[PDB]
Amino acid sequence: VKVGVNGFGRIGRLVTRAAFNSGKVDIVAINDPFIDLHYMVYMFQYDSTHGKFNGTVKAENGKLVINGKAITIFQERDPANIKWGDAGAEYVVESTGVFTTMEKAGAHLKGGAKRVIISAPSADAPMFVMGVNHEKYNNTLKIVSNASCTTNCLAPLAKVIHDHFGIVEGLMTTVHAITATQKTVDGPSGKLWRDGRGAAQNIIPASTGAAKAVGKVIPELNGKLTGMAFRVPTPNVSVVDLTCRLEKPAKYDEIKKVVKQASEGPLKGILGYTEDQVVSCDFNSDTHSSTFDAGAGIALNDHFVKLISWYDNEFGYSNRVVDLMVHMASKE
């Protein structure tokens, strides 16, 4: 399928990387009004976190050509004006973070796009997480959400656990890497005052709707989960810390077996499993949504356990945006 990307930010660039590495979808257009063609060459070629792109990146005849694939570049502030149908962009990845409602994201449909995948949570577009509920997608849905990086880490683990032992209730913390929303030194962030404080100097508490959101993609968990976040001074890779009460008793070793089995089966490539003595850098550019860390977690008793799973918040998620698009395309 032919894909257009709106917003060549971290997620837009890394979706693009993922699409080219993988060969699965064809990027044919990109819109970004704040980043010109020659700057796009540079921002895609060099990446502080994931390294230099492999292959050619160049500007040719007002296009962005990556390994000889020419991509049409737009610079529209208003998504309605973007000529997606003319450029052959069938599916649009909406990655600006500012067009996340059905209302706003549907503006791509005017331009000729057939479907829009919001690379972020939505107030009202239906949400999907690969391995958890992506089967609920159907042909009538033109605007969908891939949820958040954190919900994509948590939901597959919650699913495995709930399925075998039943989650009565659960409280989540994510210790999350620095994001573009943050500031280098104490500066203004109007509404969210903690998020203005110097990012590399602080542990910063933040609220997050990721845990509640799991209750939408796994409806049996509706109301059973919530949580919060701490932003910490790393550039990428984050971790979920799920403290849950279980209905059926489970020895920790039973939890390990059942997660490892899910990682080898229906959730392969989505949920991983490790017993190694890992740290966050070992998940740099790792494509899983969630990788359970058997050694880091801890049980108080057979009904009350803390479970730990890692996620490359940029790269895991980006690959899932690609995989959702592949599924949607198979269902046309």
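Residue indices: 1-based, along the sequence shown.
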Look up the CA B-factors in the entry and say which stretch, 115 to 123 or 194 to 202, has the higher mean.
115 to 123
Taking the mean of the C-alpha B-factors per stretch from the entry, tell me the winner out of 227 to 235 and 246 to 254.
246 to 254
Residue set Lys183, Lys260, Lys142, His176, per-entry CA B-factor max assigned to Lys142
Out of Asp47, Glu275, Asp282, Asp32, which one has a C-alpha B factor higher than all the others in the entry?
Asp32
Quick one: classify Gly51 as lowest, middle or highest third of the chain based on its Cα B-factor.
lowest
Among the chain's modelled residues, which third holds the C-alpha B-factor of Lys306?
lowest
Give the position of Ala211 by CA B-factor within its chain, expressed as the lowest, middle or highest third.
middle
CA B-factor ranking of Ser22, expressed as a third of its chain:
highest
Ranked against its chain, the third holding the CA B-factor of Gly297
lowest
